[PDB]
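> model the structure of this input:
(chains A, B, C, D, E, F, G, H and I)
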Amino acid sequence: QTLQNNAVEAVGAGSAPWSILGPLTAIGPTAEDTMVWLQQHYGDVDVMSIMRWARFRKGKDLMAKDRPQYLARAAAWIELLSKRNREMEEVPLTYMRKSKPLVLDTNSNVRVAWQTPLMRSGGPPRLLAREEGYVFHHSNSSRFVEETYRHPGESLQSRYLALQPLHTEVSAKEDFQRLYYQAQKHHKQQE
Amino acid sequence: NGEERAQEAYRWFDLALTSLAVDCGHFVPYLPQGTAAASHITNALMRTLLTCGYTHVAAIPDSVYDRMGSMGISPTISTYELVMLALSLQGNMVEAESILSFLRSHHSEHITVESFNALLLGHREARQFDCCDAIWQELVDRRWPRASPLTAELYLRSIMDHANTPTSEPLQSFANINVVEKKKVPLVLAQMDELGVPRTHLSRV
Amino acid sequence: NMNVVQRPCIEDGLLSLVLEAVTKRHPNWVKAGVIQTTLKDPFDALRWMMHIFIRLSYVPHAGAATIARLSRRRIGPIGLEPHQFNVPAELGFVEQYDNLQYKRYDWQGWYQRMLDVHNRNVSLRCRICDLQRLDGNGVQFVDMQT
Amino acid sequence: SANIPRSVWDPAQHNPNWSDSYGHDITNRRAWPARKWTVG
Amino acid sequence: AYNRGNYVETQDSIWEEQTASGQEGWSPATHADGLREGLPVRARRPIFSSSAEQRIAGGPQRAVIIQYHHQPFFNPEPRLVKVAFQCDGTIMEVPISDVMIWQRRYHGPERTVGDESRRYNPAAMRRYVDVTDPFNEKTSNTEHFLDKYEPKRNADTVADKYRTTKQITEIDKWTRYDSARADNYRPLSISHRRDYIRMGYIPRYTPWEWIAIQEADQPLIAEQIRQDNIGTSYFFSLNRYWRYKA
Amino acid sequence: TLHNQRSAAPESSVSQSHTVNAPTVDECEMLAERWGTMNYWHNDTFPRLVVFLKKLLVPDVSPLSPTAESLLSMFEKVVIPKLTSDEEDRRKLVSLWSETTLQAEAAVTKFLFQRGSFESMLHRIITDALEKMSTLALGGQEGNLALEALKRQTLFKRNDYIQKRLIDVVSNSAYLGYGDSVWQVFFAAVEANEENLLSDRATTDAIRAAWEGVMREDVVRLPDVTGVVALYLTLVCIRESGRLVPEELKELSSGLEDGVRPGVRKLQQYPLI
Amino acid sequence: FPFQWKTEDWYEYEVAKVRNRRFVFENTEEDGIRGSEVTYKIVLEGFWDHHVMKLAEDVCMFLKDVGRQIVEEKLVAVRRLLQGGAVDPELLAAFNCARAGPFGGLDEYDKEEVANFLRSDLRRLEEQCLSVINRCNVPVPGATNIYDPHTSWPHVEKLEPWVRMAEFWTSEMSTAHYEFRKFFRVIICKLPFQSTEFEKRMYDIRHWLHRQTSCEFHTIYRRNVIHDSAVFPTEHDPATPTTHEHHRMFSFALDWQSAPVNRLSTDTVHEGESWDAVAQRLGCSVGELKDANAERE
Amino acid sequence: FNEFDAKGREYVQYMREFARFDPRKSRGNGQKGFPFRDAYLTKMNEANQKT
Amino acid sequence: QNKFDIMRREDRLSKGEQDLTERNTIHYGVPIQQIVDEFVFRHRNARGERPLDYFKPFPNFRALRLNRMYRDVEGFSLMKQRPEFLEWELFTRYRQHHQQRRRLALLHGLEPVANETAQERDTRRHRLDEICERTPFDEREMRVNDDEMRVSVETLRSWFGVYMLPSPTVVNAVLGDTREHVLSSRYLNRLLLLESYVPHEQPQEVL
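Residues are numbered from 1 along each chain as shown, chains lettered A, B, ... in the order given. Please find the structure below.
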């Protein structure tokens, strides 16, 4: 349910491909397979000691009287104390793109963003991003852009000007789940 | 064996991606790269590559992050925290502060204390202790995410590293100057008594 | 006549549409009884504006105490029970240590004790306007007769 | 924060309007002649 | 990237560079910033309600400063600035704390006006100022109607103009009081670089090293932190053990 | 002889809390859940309420031709005895046309502030009309073009409604006084109607106590707000300013707060030239 | 004009103005130099008036550079708290703590409204931290006025000197009149937050003071006080009221207990009592009685 | 010269203070909220003065 | 002692950045105020570096400091080391022109922003040039200073030409009566347009 809510909220409510294949495997039909699954998916904590501690609540035996309350309490305690459960229940974030400074320096906050070939199809295959000069640069007033120049014609402007920086604003992130959802919607709602 | 465990982690990452492509056999051209399992395995790869030598630590935000972007895998908060910790161990603070500024701008409800620990460890390694004090004061101001004993460990070790630092502008004319920063220690400990950080959860040294 | 703007006339249906959008944006306002959807009384839209302004402007005492403890680092306990009111109050006191003659010798103890017991005054101050807030039970803490 | 602040030693935090210690007291001890006019 | 031959383009690019770096921009105005007539400003528009007890503040709009009584007797606490706003031209009296000017630098006492470059002289040792007329009072820029009857003798006018005019070298002397001058700033450490000429220099500001040594030698009192999070012990704290009792 | 420490410029005294910069594309994305001040939505340069209302527009839709106007105007009684000739098909087509017109009106008035939900609902309405058209209309495939014309016309109607009655109302931020005169009109409307709003017969004691506790602090500062709630406050203040303004300035005026206060010293009162 | 008044109003004015001398609230939530969160007053005393004046130039320059460094450390944190952050669940639980809100019943604030109340307070931190920083960059040695609060931070305020003369014989021949005197300058530091780093730096001025020149410290800070309505309840008057005989001399020790009165938080259940019958006897709700006794079913 | 002398600067400041005096704005100022004894008590005697 | 620190040092030296082992000791080296005081003490109040207003009876705090070249002279193309008798007055007039341009931009909301895109920057500059060409130059704000003389606009127009300090008829004629309006950047751009028209190589001894 948590993974389905994460895949729903990654798009904004349809589902994302985030909840197609999660990090939990299916449980075997054996109590020994249950102990195997709890030891290999929540093995950073002692599961049996947590379930023994979560049995009583203010003297009341929850395990013999209120069964779904005890199951919810033990599941919450296991999900709290386990670090691997905390690392496997994370919300999908957008992809932070690198950026380089402008060639014609207009602002120190305006930067040329590094674009994934998933975002823009075609073009040449690129090298690694750091070699051209793309690093992590972001602040409170940072703006990211694609930088070209207006094409000079045979006219009065030849060399006195610095070939004015025609800009086109791009985003600071790549929401991969929303791109996959919109591509599947274009593969589905068009058909 | 940093390089050998790094090669084994890369090989097991390739094995994992092959088995994820097998296990996913709509979203058909966007699998298994759009799933949670690919992001979890990439986070495990970054967490293992942090353990290895300096080459793989430097390759975590260089090669591994660009490969994760080119593959189309959506990252999580542990991805950015491990990239920040790799840049912290490299000593590059402007990129780590840029990543935390990106996280403050866009996904601010998901930030945990490991990013603050990454910045504390990195400004301790870059020997910019005023930034360590600024990060600790910000963490005391916001009070969320909660300060682990690793926060107090990194901040008090930055204080002890700055206090044992010799200076060269007075050329030790009378005494050592930085020892007065140890006077900050009875303050911050009291802040721990307000933060609920137990002082018995500190190392013996 | 060129620097004048015709005053636009707003119908009640457009106001009801924007109020429906406001309720769908903030459902906890309707759930807590702040605004409604209806527009029966002719003074209803101004009443919902006043309710929105009161909700977005009035800070409860426990929330204000927690916010003041957060960034301004105001010390003191904070009561979350409805029988505990939070009073933001000032405390004035004097610190005095000698550094000329009574800095150290065998007299230094009783002189420092004399300076401390002579400075035993603590001035606790509170505005009555800070006491005129709502309690945990919804009633005002200090009213006019209080 | 640090014991010695950044405004003391950092050249990027230098006050541009700050003046030297010697010019103002030399200016203040100048003696200007009072009689500028012919009658008064 | 900008045209270096163009002056306005270069100065606009300098303005944009200092605006992007955070040096220039809208900052809350101090009284010392030179609030004068004809100043563009961003002032918070005050709102008037009869139910409001003190005042209601609003959004910062653009305005001009009409007048500002800088005298403490013409303008008591809290200080007011008369402004006229951009949208409706309404003349109001806003408080000085709700006033934001476009600063040009961080460290300025008068951040409003810009820096100006001074002229350069190669041999600046000779520079002549009239002692009687330092700002040139007695010269007249405008032509009066009575200069036809003024005496047309030349030598008597250049004689006094070259008599009382003194070179800048002999105006002031470097005495021995200047060598023992105390620093107007607090030094880092006492510098023995110039200790051959000073001969009696006592600083009026204790250096940062000496403050740090005097701070590093004495301990702190643990009860100065005065932290409190539980509350007051209403029953026990005044009834504790007899040696440590209240 | 220099320093080996990190050299950094001092921190900027430019107030970034009141500095309204240029709107980024991520800001226009997250503008649906953005909390801003009244100066933020009605800014003098880059107003964000106009951007919030301009992301509700359906792009690339256009007013259809007068040929399409003559097509869509007469479909109930001149084209309907051409697709079929029998009674039950004519009755079904009349009922379907009336129901699609009624639900198109319901669609253009229902989801005014959600563009994607309106688009999805209109697509579902158009497909459920086209399928039941393809059951019994055939007649040479005329009604499907007339339904695509209705799809164009209904998509133009919402984009014109939110243009004329929302965008062209909140367009001139200087007429609205950059949001602060909106708050002035609200406080004057409360100043006119204490008997209807804050009394012993109007509200409870807790509402009056909270209103008095808001207005008795040292500085009463106006709260930051969401864009739809800002549009609500702006529209109700535009409606309420007509009663507070005297009768000579009710229709044509300069500024939203014009004649609300009795005596105002204006800068434009002396220079008549 | 001219001023002519009743004498009874003038008699009431002149006593009210002197009795309300120190009835002042220093740390108010307001604009610049009047409003603050903590107020430090450092009263410097020395034997000569130029000794205390030269010290008050040495300490004010010290607390200007220190206080600008600390407020810049707080301003760099406030501008990070305004860029974005996660709402504390304990902070969200503090807003949803009252039973009845202003609008009747529970007012359920979400994470949007609680972060809005936190943003509107941190916007006041930026306007108050910039007010201190701008007044720390003004006093250049070319033009310095540290006695004006609008010009410099911190400002120096004048205090009347303590002067005590002695009348003694110089022999029944003559009388000598010598006076002991010492002079005072106080330094007012108004910070819009509580900083223990600044209080530590303020206390160690006593270790590098001038010759024969000491100091004392004043601190007026804001502190939250809880009025517990269960330890100190609001009850009716008793049936037999108190008289003047309960307020005799030595009735402060023999007639009255110290506040508060001990009220029993434990009780014993009687024979025929039920959950509705004990709660009737204790004057509480039945569900409130079971929440305090969740061990026993 | 300046505009006024020492006692003249004092009583011109007292008229600017009373011109902007509002008794609800004297909340917690102390004795600095007392509104210039001469002009304040003159207003309280208008039932007897009657210009 | 660590191989990690050695690899990090070699990586940072290959990047061209500061080694973190050179940050082992703190150097608060030579503050600017001490350097200025040593320069004044060595040169006996530093005559020649002070302006002429320093030798006047009531100097401002800007006259108390030494002479530095600020960012005003960076745009003036005619500025040399030694100006020829009238260039400094033209430079001061251009500086006051840009100060009035800054005032007009602060009046009408045309000040720059931090995240300014170059298209928005060019639009704001074109609007500022449109609103500044119709505003007359204020001469009351033109403040004469340390050594320069009071020169009218007509003397500069007769000496330097009508193109250097233009009339509205002049800027309407170049982009397409003696009065001065505030200068615009597009007019000076048009004026400039019209005026312009093997690793480890070894030496021979080791070979």
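> list the helices and strands the strand ranked longest in chain C packs on?
Ranked by number of residues, the top strand in chain C under DSSP state E is strand C:84-96. Contacts defined by 3 or more C-beta pairs under 8 Å, 6 or more residues apart in numbering or on different chains; DSSP states H and E place strand C:84-96 against helix C:61-70, strand C:123-125, strand G:214-228. Every residue, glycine included, has its C-beta placed from N, CA and C.
> would you mind extracting the C-alpha trace of that strand into CSV?
In CSV, the C-alpha atoms belonging to strand C:84-96 read as follows (Å, rounded to 0.1, in the frame of the first residue of the first chain):
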residue,chain,number,x,y,z
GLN,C,84,-2.3,24.6,30.4
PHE,C,85,-2.0,28.1,29.0
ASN,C,86,1.2,29.5,27.6
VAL,C,87,2.1,32.9,28.9
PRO,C,88,5.0,34.7,27.0
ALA,C,89,6.7,36.6,29.8
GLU,C,90,9.8,38.6,30.4
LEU,C,91,12.4,37.9,33.2
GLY,C,92,14.8,40.6,34.3
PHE,C,93,17.8,39.9,36.5
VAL,C,94,21.2,41.2,37.4
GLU,C,95,24.6,39.5,37.0
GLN,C,96,27.5,41.1,38.8
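> what's the angle between it and helix C:61-70?
Per axes from the mean of the first three to the mean of the last three C-alpha atoms, to 10 degrees, the angle that strand C:84-96 makes with helix C:61-70 is 30 degrees.
> what's the spacing between strand C:84-96 and its chain's center?
Distance of strand C:84-96 from the chain centroid (C-alpha atoms, centre = their mean, to the nearest Å) equals 17 Å.
> what does the helix or strand just after that strand contact?
For strand C:84-96, the succeeding helix or strand toward the C-terminus, using DSSP states H and E, is helix C:108-118. Contact with helix C:108-118 is made by C:96, C:97, C:98, C:102, as judged by C-beta atoms under 8 Å, 6 or more residues apart in numbering or on different chains.
> pipe these into CSV and attach neighbour count per row.
As requested, these are exported to CSV (neighbours: other C-beta atoms under 10 Å in any protein chain shown):
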residue, neighbour count
C:96, 17
C:97, 17
C:98, 16
C:102, 17
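> how about those residues, which pair is most distant?
Farthest apart among the contacts of helix C:108-118 by C-beta to C-beta are C:96 and C:102. That separation is 10.6 Å.
> residue contacts, residue D:5?
Counted by C-beta under 8 Å, 6+ apart, residue D:5 has contacts G:65, G:66, G:68, G:69.
> make that residue F:238, sorry
Counting by C-beta under 8 Å, 6+ apart, residue F:238 touches C:7, C:8, C:10, F:169, F:256.
> mind redoing it with 6 Å?
The contact partners of residue F:238, by C-beta atoms under 6 Å, 6 or more residues apart in numbering or on different chains, come to C:8, C:10.
> helix or strand right after the strand or helix carrying it?
Taking DSSP H and E as the definition, one finds residue F:238 inside helix F:227-244. Later in the chain than helix F:227-244, the nearest helix or strand by DSSP H and E is strand F:252-253.
> neighbours of the residue in chain A that chain C sits nearest to, how many?
When scored by C-beta to the nearest C-beta, chain A has residue A:13 as its residue closest to chain C, at 14.0 Å. Using other C-beta atoms under 10 Å in any protein chain shown, residue A:13 has 8 neighbouring residues.
> now the strands for chain F?
According to DSSP E, the strands that chain F contains are F:35-36, F:225-226, F:252-253.
> what about the lengthiest helix in chain H and chain E, touching?
Across chain H, the longest stretch assigned as helix under DSSP state H is helix H:6-19. Yes - Helix H:6-19 lies within reach of chain E by C-beta under 6 Å from any C-beta of the partner chain, at H:9, H:12, H:13, H:16, H:17.
> got the contact list for that helix?
E:73, E:76, H:35, H:36, H:39.
> among the strands of chain F, which comes closest to chain A?
Closest to chain A of the strands of chain F is strand F:35-36 (C-beta to the nearest C-beta; 15.6 Å).
> so what are the sheet partners of that closest one and their directions?
Here strand F:35-36 has these sheet partners by DSSP bridges: strand F:225-226 (antiparallel).
> give me the distance between the residue in the stretch 101-250 of chain F positioned nearest to chain G and residue I:49.
Nearest to chain G, among the residues of the stretch 101-250 of chain F, is residue F:210, at 3.9 Å (C-beta to the nearest C-beta). Going from residue F:210 to residue I:49 by C-beta to C-beta, to the nearest Å gives 65 Å.
> enumerate the residues of chain A near chain I.
Checking chain A against chain I by C-beta under 6 Å from any C-beta, the hits are A:106, A:107, A:109, A:141, A:143, A:156, A:160, A:165, A:167.
> let me see the contact set for the residue positioned nearest the centre of chain E.
With distances taken as C-alpha atoms, centre = their mean, residue E:109 lies nearest the centre of chain E, 1.4 Å away. Neighbouring residues of residue E:109 by C-beta under 6 Å, 6+ apart: E:32, G:138, G:140.
> quick one, phi psi at the last one?
So the one you mean is residue G:140. The phi/psi pair for residue G:140 (degrees, to the nearest 10) reads phi -70, psi 150.
> quick check: bridge partners of it?
residue G:143.
> relative to chain E, how far out is the most centrally placed residue in chain I?
Centroid-nearest residue in chain I, with C-alpha atoms, centre = their mean: residue I:71, separated by 2.4 Å. Residue I:71 is 5 Å from chain E, where distance means C-beta to the nearest C-beta, to the nearest Å.
> thought that residue was touching residue E:15?
No - the pair residue I:71 and residue E:15 does not pass the contact test of C-beta atoms under 6 Å, sitting 9.7 Å apart.
> returning to that earlier point: now name the helix or strand holding the residue nearest to the centre of chain E.
Element membership for residue E:109, per DSSP H and E: none, as it lies in no helix or strand.
> the helix ranked longest in chain E and chain D, any residue contact?
Longest helix in chain E by number of residues (criterion: DSSP H): helix E:7-20. No - using C-beta under 6 Å from any C-beta, helix E:7-20 never reaches chain D; the gap is at least 13.0 Å.
> now the element after that helix, going C-ward?
Next along the chain after helix E:7-20, taking DSSP H and E as the criterion, comes strand E:25-28.
> would the residue nearest to the centre of chain I count as being in a helix?
No - secondary structure assignment (DSSP: H, G, I helix; E, B strand; the rest coil) places residue I:71 in coil, not in a helix.
> burial of the closest residue to it other than its chain neighbours, as a residue count?
The shortest distance from residue I:71 to any non-neighbouring residue, by C-beta to C-beta, 6 or more residues apart in numbering or on different chains, is to residue E:14 (5.4 Å). Applying other C-beta under 10 Å, we find 17 residues neighbouring residue E:14.
> give me the outermost residue of chain G relative to its centroid.
residue G:173 (56.0 Å).
> and the residue of chain E closest to chain C?
Counting by C-beta to the nearest C-beta, chain E gets nearest chain C through residue E:231, at 4.3 Å.
> gap between residue D:33 and residue C:55?
74 Å.
> kindly report the residues of chain F close to chain E.
Residues of chain F lying near chain E (C-beta under 6 Å from any C-beta): F:10, F:12-14, F:18, F:38-39, F:174, F:177-180, F:183-184, F:187, F:191, F:215-216, F:218-221, F:255, F:264-268.
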